[PDB]
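Reading through the structure tokens given below for one structure.
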Amino acid sequence: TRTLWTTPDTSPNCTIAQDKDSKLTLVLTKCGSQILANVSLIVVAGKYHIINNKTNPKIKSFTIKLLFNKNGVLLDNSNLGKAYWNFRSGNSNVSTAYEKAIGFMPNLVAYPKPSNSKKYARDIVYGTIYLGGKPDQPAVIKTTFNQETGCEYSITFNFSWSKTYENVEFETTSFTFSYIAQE
Amino acid sequence: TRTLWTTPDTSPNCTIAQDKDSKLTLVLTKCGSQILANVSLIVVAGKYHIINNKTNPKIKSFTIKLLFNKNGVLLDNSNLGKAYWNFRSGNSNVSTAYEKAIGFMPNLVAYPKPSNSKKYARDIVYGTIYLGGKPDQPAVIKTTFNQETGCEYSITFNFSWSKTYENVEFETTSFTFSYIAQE
Amino acid sequence: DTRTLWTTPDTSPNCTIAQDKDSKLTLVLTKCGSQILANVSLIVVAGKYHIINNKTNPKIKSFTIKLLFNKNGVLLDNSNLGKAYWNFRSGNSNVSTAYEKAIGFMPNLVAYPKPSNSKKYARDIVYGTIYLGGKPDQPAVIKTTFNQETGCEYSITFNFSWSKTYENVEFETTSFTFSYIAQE
Ligand SMILES: [Zn+2]
Ligand SMILES: [Zn+2]
Ligand SMILES: [Zn+2]
């Protein structure tokens with residue numbers, strides 16, 4: 001009841017360019033007023049599985065979105081599958097889909113939805129991870145809170161890189177960050 | 001309660017160069033022997049609001065200080081105002097000023113005040129944040145524990161940058177870190 | 001549950017990198033349910049890695065500290081870290097008995113598998129950057145890896161490396177925080 005997660009195995013659960021082309025591992029732990037998060041990505045097939053910027057010069061980034069409703073439940077237009085997201089039960093998930101998780105949503109006062117007033121950057125956290133664990137293959141992970149339309153809350157992970165990679169598999173090291181909770 | 005904060009709104013609470021020229025958003029959450037911290041800065045007026053180093057080549061850094069007494073109560077000569085620094089209640093604060101928060105202070109044995117004993121670097125944490133959320137606009141945030149004089153405990157944030165920015169507004173992305181607690 | 005397992009915050013040598021007790025590893029693990037919040041720093045006080053000079057010794061560029069654990073989450077004598085002051089917390093010191101069980105502090109074996117011939121994925125690694133002497137122009141990379149050592153049930157390995165050419169620099173670092181998925 002204190003941890004929402006994807007389960008840490010290697011089974012594809014996410015759709016970037018084609019159905020089930022990747023495995024997003026994401027763990028959210030409630031430490032009262034802040035949520036502690038840990039994330040990593042493995043692309044298993046399709047367009048982003050093996051990066052070759054000599055063959056495809058413009059393939060330099062992609063986005064994974066998690067959209068939630070007023071009760072903190074995952075919406076189906078998210079890249080991550082609904083069957084794969086729930087409160088932790090041992091090393092798996094609970095049997096039935098959860099009904100409420102408002103205490104895990106990014107705080108709307110710290111991070112407001114888009115509008116006409118001035119937009120601040122505190123709703124963004126930047127980090128860097130490394131492809132295949134290699135020190136010379138960095139890629140940036142930019143995480144933004146509550147900026148998508150069609151939902152009450154959102155968490156989006158944008159992955160991007162500036163080097164010209166030649167035949168590199170897109171599977172990453174892990175990164176931790178935290179954010180202020182709604183309740 | 002488990003959380004000491006500045007509240008998540010954006011009304012000025014801090015004085016860097018002139019009265020209430022900025023909003024420091026700082027959340028301290030107690031997870032046992034460690035404190036989980038989340039910080040961000042928005043400057044709204046004065047000398048550090050808009051940076052132009054072609055015009056003022058020497059404005060390259062500034063500091064924000066938090067000084068506390070033996071009970072963990074904030075001293076009035078801190079750059080952060082005493083008005084809204086308090087334990088959390090919803091998206092605001094408890095009605096009455098707290099009188100004890102020793103469990104939130106940086107540990108004096110891990111981070112000792114200046115003496116003639118050898119000074120170690122472990123009382124420092126470095127992080128990089130981005131102005132306006134732009135990937136090409138980094139600034140470094142250096143956090144130091146218990147090195148100020150005239151107080152039993154202290155937390156100081158130093159912000160600096162090496163690039164020659166032209167009309168860049170100082171408002172940052174968020175950074176998360178942690179430190180060992182006194183009790 | 002919400003306990004702290006640590007090395008104590010003093011500065012008394014407690015770890016062996018190149019010679020006996022040449023360093024002080026300060027490591028604090030706190031349990032927050034299913035994740036462990038970690039905080040680490042290092043002070044080397046003697047030996048080969050105490051004062052770095054890559055003008056006279058260009059090849060001295062990295063070193064490794066390993067913490068090996070058995071099935072109950074107890075530290076094994078062959079770790080670089082000494083068993084004497086690695087224990088649960090009490091005030092600014094430790095409880096009076098060497099611990100029993102700490103499986104709730106061990107890195108998750110499904111998330112981070114032991115070596116085998118199955119594909120090895122990079123998620124069992126966390127990279128961080130720290131600074132020597134607190135100086136902004138002296139970085140070093142700290143690479144942390146989970147469960148990749150043999151001869152144990154679990155492990156946490158810290159590899160320290162640097163690419164700058166240092167000249168007579170003392171290896172004592174700022175602190176870094178990371179987290180990992182707990183076994184239970
Ligand atoms: Zn393949
Ligand atoms: Zn402005
Ligand atoms: Zn020394």
Side-chain angles (χ1 to χ4, degrees), chain A residues 2-3 28-39 60-61 102-112 114-115 117-128 138-147 155-163 174-183, chain B residues 1-11 22-44 49 86-93 104 127-141 168-178:
Chain A
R2 152 104 67 218
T3 288
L28 305 179
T29 298
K30 188 163 176 53
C31 297
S33 202
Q34 285 182 68
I35 299 304
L36 176 66
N38 180 270
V39 60
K60 310 297 282 218
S61 77
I102 306 178
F104 286 81
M105 295 298 103
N107 185 291
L108 284 161
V109 171
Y111 318 122
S115 74
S117 43
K118 184 173 181 74
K119 203 291 204 172
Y120 294 113
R122 54 189 189 166
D123 62 356
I124 295 158
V125 178
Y126 274 90
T128 295
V140 175
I141 171 172
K142 183 187 180 182
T143 299
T144 310
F145 304 110
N146 300 158
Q147 291 285 296
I155 294 183
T156 61
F157 300 106
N158 178 78
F159 289 86
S160 69
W161 53 97
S162 54
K163 295 173 108 163
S174 299
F175 170 64
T176 295
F177 56 101
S178 69
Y179 56 89
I180 305 172
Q182 173 62 8
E183 284 187 347
Chain B
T1 60
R2 298 288 172 179
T3 282
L4 236 178
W5 74 355
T6 51
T7 71
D9 66 33
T10 66
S11 356
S22 64
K23 164 60 184 217
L24 172 74
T25 302
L26 177 62
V27 187
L28 296 187
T29 297
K30 195 179 166 71
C31 315
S33 301
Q34 281 180 71
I35 300 294
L36 180 61
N38 183 274
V39 66
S40 70
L41 187 64
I42 292 174
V43 181
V44 306
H49 175 212
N86 196 16
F87 288 100
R88 173 180 194 169
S89 178
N91 274 335
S92 182
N93 290 333
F104 288 75
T128 293
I129 46 77
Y130 293 77
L131 307 185
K134 301 205 182 190
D136 65 331
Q137 302 187 332
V140 168
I141 176 172
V168 172
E169 194 173 60
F170 209 103
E171 58 102 11
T172 80
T173 56
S174 296
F175 174 52
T176 288
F177 60 99
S178 78

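Sequence lines set the chain letters: A, B, ... in the order given, protein chains first and strands last, and positions in each chain run from 1.
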Heavy-atom distance under 4.5 Å to chain A: side chain of [X], backbone, both or neither?
{"X": "B/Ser174", "answer": "both"}
{"X": "B/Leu36", "answer": "both"}
{"X": "B/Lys134", "answer": "backbone"}
{"X": "B/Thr29", "answer": "both"}
{"X": "B/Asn38", "answer": "both"}

When rounded to the nearest 0.5 angstrom, what is the spacing between [atom1] in [X] and [atom2] in [Y]?
{"X": "B/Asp136", "Y": "A/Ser162", "atom1": "CG", "atom2": "OG", "answer": "11.5 Å"}
{"X": "A/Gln34", "Y": "B/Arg2", "atom1": "CD", "atom2": "CZ", "answer": "13.5 Å"}
{"X": "A/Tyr120", "Y": "B/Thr25", "atom1": "OH", "atom2": "OG1", "answer": "10.0 Å"}

Would you please name every residue forming a salt bridge (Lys or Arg N to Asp or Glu O under 4.0 Å) with B/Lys23, sequence neighbours left out?
B/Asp9
Assert top hit (heavy-atom pairs under 4.5 Å, partner chain B, pool A/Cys31, A/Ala110, A/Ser178, A/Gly127) equals A/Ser178
Is A/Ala37 in contact with chain B via its backbone, its side chain, both, or neither, using a 4.5 Å heavy-atom distance?
neither
Minimum heavy-atom distance between A/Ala121 and B/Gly132, given as atom pair plus value
CB-C, 3.8 Å
Testing the basics here: between B/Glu169 and A/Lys118, what is the closest heavy-atom pair and its distance to 0.1 Å?
OE1-NZ, 2.8 Å
Can a donor-acceptor pair be found, under 3.5 Å and without considering hydrogens, that links the side chain of A/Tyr126 to the backbone of B/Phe175?
no
Using a heavy-atom cutoff of under 4.5 Å, enumerate the residues of residues 102-109 of chain A that contact chain B, numbered in order, or state 'none'.
A/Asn107, A/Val109
State, with a plain yes or no, whether a side-chain heavy atom of A/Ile124 is found less than 4.5 Å away from one of B/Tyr130.
no
If you define the side chain from C-beta out and look only at heavy atoms, does anything of B/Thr10 sit under 4.5 Å from A/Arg122?
yes
